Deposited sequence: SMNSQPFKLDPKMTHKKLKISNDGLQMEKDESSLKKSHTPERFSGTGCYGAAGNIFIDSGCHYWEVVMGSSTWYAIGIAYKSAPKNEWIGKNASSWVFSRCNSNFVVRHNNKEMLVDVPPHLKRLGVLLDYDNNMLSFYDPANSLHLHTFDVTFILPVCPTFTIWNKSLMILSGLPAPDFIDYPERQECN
């Protein structure tokens, strides 16, 4: 594994997010707001080689999108709705992977609170895992044409980033 620690990039973080001092936690500062306004942030590293693994703790969030993007994705447009963004997304009961405004359903075990992100840049893959259940969720087969940056987007609650990780045994 090539995995290195990274944190959120303050220049790429939505101004309405509360960020921890280590740059690893982001939080939005029975009727709910359905407004599609997302709160996105990008990591402070770009990758164009090697094999990288990180995890995200989603806790109680019910609406989030986690993945990678080229620099060409516009700021705060990291939810798979352009050709520069690849995400795993939850919205309440719906789990998808999304890229270029095209989705595929993902069947996810109940009560997902942690996501694993495996970027095998050299072998043209981005894979999502359920680490609690030690299992594969989805692989994009993609030959990246620019460097990629981790991205993290919420509509509610908070995320925590676990970076610099040894590939768990289920890789």
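> What's missing from the model if you number the deposited sequence from 1?
Replying inline: Unmodelled stretches: 1, 31 to 39, 182 to 190.
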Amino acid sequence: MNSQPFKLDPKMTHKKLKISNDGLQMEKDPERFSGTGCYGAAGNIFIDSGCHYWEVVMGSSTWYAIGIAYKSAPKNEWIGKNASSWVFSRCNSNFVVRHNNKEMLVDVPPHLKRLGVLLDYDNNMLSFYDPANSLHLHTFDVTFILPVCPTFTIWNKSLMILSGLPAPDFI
From here on, numbers count along this sequence of modelled residues.
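>> Quick check: 5 to 13 versus 153 to 161, which has the larger average CA B-factor in the record?
In response: Of 5 to 13 and 153 to 161, the stretch with the higher C-alpha B-factor average is 5 to 13.
> Which of the two stretches, 99 to 107 or 30 to 38, shows the higher mean Cα temperature factor in the record?
Replying inline: Mean B over CA atoms: larger for 30 to 38.
>> Could you place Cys51 in the lowest, middle or highest third of its chain by Cα temperature factor, using the values in the record?
In response: Ranked within chain, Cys51 CA B lands in the highest tercile.
>> Ranking every modelled residue in this chain by its Cα temperature factor as given in the entry, which third contains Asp130?
In response: Lowest third, going by the recorded CA B-factors of the chain.
> Within this chain, which third does the Cα B-factor at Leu118 fall in: lowest, middle or highest?
Replying inline: Middle third - that is where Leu118 ends up once the chain's C-alpha B-factors are sorted.
>> What third of the chain does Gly67 rank in for C-alpha temperature factor, lowest, middle or highest?
In response: For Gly67, whose C-alpha B-factor we compare with every modelled residue in the chain, the answer is the lowest third.
> In terms of the CA temperature factor given in the entry, to which third of its chain does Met58 belong: lowest, middle or highest?
Replying inline: Middle third by C-alpha B-factor.
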